[PDB]
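Below you'll find the structure, written out as structure tokens, and then a few comments.
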2 protein chains.
Amino acid sequence: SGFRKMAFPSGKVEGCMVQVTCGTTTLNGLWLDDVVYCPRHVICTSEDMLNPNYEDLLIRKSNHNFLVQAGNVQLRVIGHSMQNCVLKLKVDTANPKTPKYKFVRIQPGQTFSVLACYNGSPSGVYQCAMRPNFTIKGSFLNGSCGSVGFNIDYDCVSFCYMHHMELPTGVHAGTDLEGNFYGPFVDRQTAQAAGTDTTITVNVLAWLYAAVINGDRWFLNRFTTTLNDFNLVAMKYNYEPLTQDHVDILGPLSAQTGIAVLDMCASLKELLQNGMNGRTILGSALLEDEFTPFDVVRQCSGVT
Amino acid sequence: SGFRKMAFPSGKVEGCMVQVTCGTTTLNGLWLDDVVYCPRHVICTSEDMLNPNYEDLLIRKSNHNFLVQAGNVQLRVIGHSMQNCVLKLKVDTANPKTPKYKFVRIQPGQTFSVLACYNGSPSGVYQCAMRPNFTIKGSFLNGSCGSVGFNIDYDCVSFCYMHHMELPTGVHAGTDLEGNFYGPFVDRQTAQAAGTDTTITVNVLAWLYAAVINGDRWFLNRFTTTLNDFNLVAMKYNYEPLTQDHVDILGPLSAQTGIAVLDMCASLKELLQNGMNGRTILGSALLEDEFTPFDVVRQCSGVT
Ligand SMILES: CN1CCCc2ccc(S(N)(=O)=O)cc21
Ligand SMILES: CN1CCCc2ccc(S(N)(=O)=O)cc21
């Protein structure tokens, strides 16, 4: 029993982290097979960062200008290319610690683990959600760029996120491992606003199921409701609209707990209209939305 | 910027986790050099668990009754002993993935990372505190026993916790790696109560410093106070008494933020007497106490 914001074990990713230096700028890269992936803003000087022409900047750069260090050993760079906002550095050695892996572009509301790194060295691991507005609420300092988000399915690491920047609001913006930004963000030092950040309704409901499972049931009420009625209340509180896809994904938790999704929606409705009255759920004084239904099933069943 | 309940990267510990089976019971062990450490309740049948004589039970057991599997490879057991509540299984192979490590008995209020494991397989990592009452609020299912808590200092893993049981209240009790329980707990299936759980005052203050650093300053007030006045209010709210040792440990954060410890104590006082009035601090609707001053400095500076 108990419920924790739990990250994937980070070992398979720790073996993939390198330091990439171009000119004076150092950040993190991901060494998989004989390719090192890093943010392309590695090639920028703080004066380029305002309005960079990445094509023109990269033209000034040769294989040998890219210093790739794995722990204390240097990698030989035999090729470089830009794909969207990532640089791919062809090295002459396959990373011997390359896990089975995939590149996946995650959907907003989905969760992943972040291995925050500095100078190619792992410092810590936490669990994140892709906000509906395609930002993450991370913990990233200077040099953390190139730090990656991932999920693990048994032996396979699905890389979904590479850290590129902090917006002036202190939220975090980044790419998939094909270097396409999540959201409308560009890799340029300019004022960029994220949309309205909504609450991930299906995740909050999943967490309410986690709570009931773990003995926190005070918020269970005598009421039920309808998708349309629930979504009237979701609208008011900047919650994501609940669809039948969400209901379907909650079915395993519905089944285990014997609490119908729409009854739990009515619990959530009352919680939104009435607040928590100084009570807590799983040691939280607000509605948690960074657990997917999948995360609750995994944690509450014991998937390794 | 940003602040996250961040765990140590778990790779060095993932390489140490094994499956230990005695009779029908399987749990997790820690393979360091040529010794596998696991909870001694591995030798108990569910009928022994009520009033076990571990000495008499262990006498029935031979080296070959202890099945130690590392991933898919079996380890040969050449020696067994009981130290307090842990079994030490001498194997004939040094773990080649043994990190530089130490066994440390942590103090209540200190924090560590937990690699939750099932059948010697890592499932997830989260950050914990040793509660003042020597329990942890974990996420542990059947088979999670032998899962370890740790800190990392650059290349050295300090093992501080081995998971033994869940109390009927759903909090978690365990040992150091010399198998001495944290708190008054015994490895017997009987009703065991934890003391009053207090809030770790020095940690909450550390977190208030993390908040100011990260731009959440609304709770900063015009008031100051005294250790004795603050501790009158700590008493009322089941907060740990603040000593000059705590103040000293906060000095780096005091210095960076230019906010005197006793002024922050006055902020905290007002927060305890008045609550958060539906506001949040670092995305939290209550006072967080599972960050040490050391954790805030590490996270807010970028220690790898
Ligand atoms: C410094 N650099 C690198 C990558 C692109 C980018 C985007 C926004 C900002 S910001 N708003 O912090 O100055 C800074 C930045
Ligand atoms: C089953 N076993 C193993 C180790 C010692 C112990 C202590 C307490 C409990 S409890 N209160 O969950 O039944 C169970 C247990």
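Residue order for B:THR169, A:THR196, B:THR304, fewest other beta carbons within 10 angstrom first, comes to A:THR196, B:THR169, B:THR304. Of B:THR190, B:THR26, B:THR201, which is the most mobile in a GNM of chain B whose springs link Cα atoms less than 10 angstrom apart? Greatest mean-square fluctuation among the candidates belongs to B:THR190. Could you please state, rounded to a whole Å, how far the C-alpha centre of region A:137-171 is from the C-alpha centre of region A:269-296? Taking the Cα centre of each part, region A:137-171 and region A:269-296 sit 25 Å apart. Taking Cβ atoms as reference points and 14 Å as the exclusive limit, the residues near A:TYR237 contribute a net charge of -3, counting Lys and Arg as +1 and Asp and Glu as -1.
Computed from the Cα positions only, the extents of region B:198-301 along the three principal axes stand at 34, 33, 26 Å, in decreasing order.
Placing +1 at every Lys and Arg Cβ and -1 at every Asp and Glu Cβ, with all other atoms neutral, what dipole size does chain B have around its Cα centre, in debye to the nearest 20? Numbers along the way, then the final one.
Details: 22 positive and 26 negative charges, 81 e Å.
Computed about the Cα centre, the dipole is about 380 debye.
Helices that extend 15 Å or more along their long axis by alpha-carbon positions and average at least 1.6 on the Kyte-Doolittle scale are, among the DSSP H runs of chain B, B:201-213. Applying D = kT/(6 pi eta Rh) to the protein assembly as shown, where Rh is the Kirkwood radius over alpha-carbon pairs, T corresponds to 20 °C and eta to 1.002 mPa s, the Stokes-Einstein value obtained is 83 µm²/s. Of the residues B:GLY79, B:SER46, B:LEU27, the one whose Cα sits farthest toward the positive end of the charge dipole of region B:24-94, with +1 on the Cβ of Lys and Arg and -1 on the Cβ of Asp and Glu, is B:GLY79.
List the trypsin sites (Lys or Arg not before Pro) within region B:240-304 that fall in a DSSP loop (any state other than H, G, I, E or B) and whose Cβ has at most 12 other Cβ atoms within 10 Å. Show your work: numbers first, answer last.
Numbers: sites: B:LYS269, B:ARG279, B:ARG298; in loops: B:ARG279.
Those satisfying the criteria are B:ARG279.
How high is the relative contact order of chain B, in percent, counting Cα pairs under 8 Å that sit 6 or more residues apart? Please list the in-between numbers first.
Values: 614 pairs, mean separation 52.2, N = 304.
Rounded, it is 17 percent for chain B.
Based on the Stokes-Einstein relation at 37 °C and a viscosity of 0.692 mPa s, and on the Kirkwood radius from alpha carbon pairs, region A:15-99 is assigned a translational diffusion coefficient of 256 µm²/s.
Distance distribution P(r), region B:135-281, all Cα-Cα pairs, bin width 10 angstrom from 0: 10, 30, 27, 26, 7, 0 percent. Put in line by how crowded their Cβ is, counting other Cβ atoms within 10 Å and starting with the fewest, A:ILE249, B:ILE78 read B:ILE78, A:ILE249. Separation of region A:1-69 from region A:89-118 is 12 Å, based on Cα centroids.
Peptides B:37-48, A:117-128, A:13-24 ordered by packing proxy, namely the average of other Cβ atoms within 10 Å per residue, highest first: A:117-128, A:13-24, B:37-48. Pairs with C-alpha atoms separated by more than 23 Å, drawn from the list A:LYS236/B:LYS137; B:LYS61/B:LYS97; A:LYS61/A:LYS90; A:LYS90/A:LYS137; B:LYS61/B:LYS88, are A:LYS236/B:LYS137; B:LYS61/B:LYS97; A:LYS90/A:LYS137.
Spatially, region B:209-225 and region A:227-254 are offset by 37 Å when compared through their Cα centroids.
For chain A, the alpha carbon convex hull comes to 132 Å³ per residue, rounded to a whole number. With a cut-off of at most 16 other beta carbons within 10 Å, and DSSP calling the residue loop, which chymotrypsin sites (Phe, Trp or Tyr not before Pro) in region A:202-304 qualify? Please list them. Qualifying residues, ordered by number: A:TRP218, A:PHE223, A:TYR237. The charge dipole of region A:161-298, taken about its Cα centre with unit charges on the Cβ atoms of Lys, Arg (+1), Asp and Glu (-1) only, comes to about 500 debye.
Annotation: extensible slack from B:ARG60 through B:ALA255 equals 64.2 nm (criterion: 0.36 nm per residue apart, minus Cα-Cα distance).
In region B:171-228, which trypsin sites (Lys or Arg not before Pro) fall in coil by DSSP and have 11 or fewer other Cβ atoms within 10 Å? Numbers along the way, then the final one.
Details: sites: B:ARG188, B:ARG217, B:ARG222; in loops: B:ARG188, B:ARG217, B:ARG222.
Taking region B:171-228 and a limit of 11 other Cβ atoms within 10 Å, the loop trypsin sites (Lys or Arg not before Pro) found are B:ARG222.
Taken about its Cα centre, region A:1-92 carries a charge dipole of about 320 debye when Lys and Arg each add +1 at the Cβ and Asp and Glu each add -1 at the Cβ.
Since every read-out is calculated from the coordinates, none of them should be taken as a lab result. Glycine gets a Cβ as well: all are built from the backbone with ideal geometry, and neighbour counts include every protein chain shown.
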